[PDB]
């Protein structure tokens, strides 16, 4: 259904960090990918990995149902995009 691609130039992440409101240090790892939204060319999207998960290797993925949730106004929304091999 949604086609996601990790290019060889995107095979690993960068880390961003800081301090939580209850003074706890956080760290978020982010990776770039291309999602085909049906336009002439795929679009660049940023994804945030969960703790202990490595960057996805190059290749083709699709989106896991766990990426979605019901939001605060009752409509569906993406929480965090989770990729599974195509």
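Numbering follows the first chain given and starts at 1.
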(message) Quick check: 71-79 versus 21-29, which has the larger average CA B-factor in the record?
(response) 21-29
(message) Going by the mean C-alpha B-factor recorded in the entry, which is higher: 57-65 or 44-52?
(response) 44-52
(request) Compare the C-alpha B factor of residue 15 with those of the other modelled residues in its chain, then answer lowest, middle or highest third. (result) lowest
(request) Classify residue 4 as lowest, middle or highest third according to the C-alpha B-factor given in the PDB entry, relative to its own chain. (result) lowest
